[PDB]
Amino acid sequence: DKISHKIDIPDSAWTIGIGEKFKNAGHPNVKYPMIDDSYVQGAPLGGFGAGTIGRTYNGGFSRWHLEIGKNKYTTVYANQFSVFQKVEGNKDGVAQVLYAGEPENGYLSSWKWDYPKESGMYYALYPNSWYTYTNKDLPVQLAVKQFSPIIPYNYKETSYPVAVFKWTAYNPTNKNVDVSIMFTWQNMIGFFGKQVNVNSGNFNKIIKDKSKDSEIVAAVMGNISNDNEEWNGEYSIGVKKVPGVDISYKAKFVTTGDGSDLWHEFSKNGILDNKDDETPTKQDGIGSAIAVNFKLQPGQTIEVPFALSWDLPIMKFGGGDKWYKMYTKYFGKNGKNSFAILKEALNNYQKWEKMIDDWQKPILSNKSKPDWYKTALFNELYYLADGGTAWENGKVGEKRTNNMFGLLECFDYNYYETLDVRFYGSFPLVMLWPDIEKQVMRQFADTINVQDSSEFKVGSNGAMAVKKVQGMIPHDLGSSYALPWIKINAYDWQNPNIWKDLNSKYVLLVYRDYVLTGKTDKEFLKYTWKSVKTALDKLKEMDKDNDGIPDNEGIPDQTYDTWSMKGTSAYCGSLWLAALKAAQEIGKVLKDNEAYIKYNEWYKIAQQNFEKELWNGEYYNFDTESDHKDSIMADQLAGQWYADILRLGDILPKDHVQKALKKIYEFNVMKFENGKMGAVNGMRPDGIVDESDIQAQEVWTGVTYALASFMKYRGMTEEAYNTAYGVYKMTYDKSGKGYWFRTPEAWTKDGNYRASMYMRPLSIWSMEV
């Protein structure tokens, strides 16, 4: 490996061998079918709301999130990089697809598949990833850096449906070597969204953009139809000429044949026929190819950029609504702009790389932080792009000031912006894209007084309940299978209109977003104030026994939606205390004296009773009335965690908080599989896991990172990082369960999981407040 030093991969990149088998992989631990796409994953490509494409560590374009809100794992075999090399003085060269696998059927049988093991590495530090190719039969070593311009405080390039592939090639040998790199791509119009005739009308064209000191050559893969539908648009691949390289192309090869129409050309001398052909297809799948060819002398290096774009301007949800995607603001809505997007990337990728370096540098250059922590911090962000992210620029056939946004809870539980989860998972948005975060919160503010008296069947017990009650914050802003932003509360396992955490979490999120954006946005506080007061006043009505605290009803009436709470719980009770303190402060800022006094009075009463009811001398009891009310809950002081972040001071005595956190570390972490797997949710005082519900026996990745944050800002530094390390280990390490780029909600002690690709572990960014 002499290519590593010609490129700059950070030491904190996650790494794996190309073609590496992983033996320890976890699987779902639930009864009903659950997504399990295997451990063959990678960092995704694509901006926010663009649809993303997961290219795996084996090189395949395999995890397709282009249909917004859906996860489709299938390798499109035509989509590849391939290499040809010939040593000067030899009769024949060698050609190889850079994919550690082969097709399942006979399509593309002529291509050279099965890139060998032990011949290259994959590296990832989101939004960047890299492949190195160090193969004994390829004298010239290659590497590629691939990325999309995901940039904090940037709402433009961050939205783009584009990826850059910056290749580096180096000849360490003493002979001249002829080298070609070829990008192939299937015309994927009709891959989703088209009910019949899926390839019909697909056609490919070549664009040659020649200016001074510039040549880009690109294939545009589209359809003859000008229909404005979800399935229609264009894909483009292309390359920018650099000194010392020639470009060749093939506009049309058949993907549903043996591939030899293309491969016979490439495998001979690495040079394609330059045959244009715009003839549309009927049944056959078609693709395009763009190649570069160059000669490397001994010791010579060359860099060449390729790119990929996709202009699919319309997203459609299962309820019928069609929206334009955010990037259309910048490139247009007609679905004929893939070349413009590609050209922007090819002409500006060097600036984008520097912008990414500029935002990663503060963390990467802090040598007090271990590299494993940096691996997790950056790579967990894959979810902001990969979480079915929807970001609208208008409803089809209708202009407003804002662009509504939503991130899925996950794909198995297909709900946008689940609020009890975003309480944990929204940290990267407030920290790094605060204009999105505030937009999401204003969306919630607007729903507070919505009433929908239609009824749904509650899944957990079969009872009928009202869909949306006035004054109760919704669980979610809909499902991609139905109508995101329009039909809220798609969740039906429990009735969220009686949850005891949603209204308080809402208030806490509002105040968080003011505090973490500099305490300057009074306008955001003004927009949300009525909803905040309404939320607290409605939750106060759920105090059945006049202790000043909402009562859990002996059912799962909060985020732990199979774990029953009864009476005053540490979790919902501490959230309530913190939300009251936050509202007091907002009242002061907005000069609403009567709100300040009222919430101050509720706070003093609730605080005294919480302490009396739950403090046991060592920690806060789980609750006041449950069968295992003395269980040690990992999240028992969630309200105090948030109060620390919001700078609201002590809601509970410092001594008791410290005692409680030390107990959690000593028990829920250290007596759970040696502290190597995170904090288990519930532990009995005798040091064995609480078995009253599956959720008590689970480690929640997002809860655990949040607890690590809580510990860190309370000065328990070793405990904080040791607690977080188990999550990192299980997710990324060789000794883990193979969850890289699909961090789940939960695992049990056997390491098996529930709900891969989950929003909650984005809470790791609360460790960087």
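All residue numbers refer to positions in the sequence shown, first residue = 1.
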Residues with no coordinates between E594 and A595, taken from the deposited sequence as a class: none
Greater mean Cα temperature factor according to the PDB record, 702-710 or 27-35: 27-35
Which of 553-561 and 307-315 has higher mean CA B factor, as the PDB entry lists it: 553-561
C-alpha B-factor winner, where the candidates are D623, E409, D357, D644: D623
Residue with highest C-alpha B-factor in the PDB entry, from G233, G649, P434, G478: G649
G715, C-alpha B-factor rank within chain (lowest, middle or highest third): highest
CA B-factor placement of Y424, once the chain's modelled residues are sorted into thirds: lowest
Relative C-alpha B-factor of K70, binned into the chain's lowest, middle or highest third: middle
Third of the chain, ranked by Cα B-factor, where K734 sits: highest
Among modelled residues of the same chain, the CA temperature factor third for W615: highest
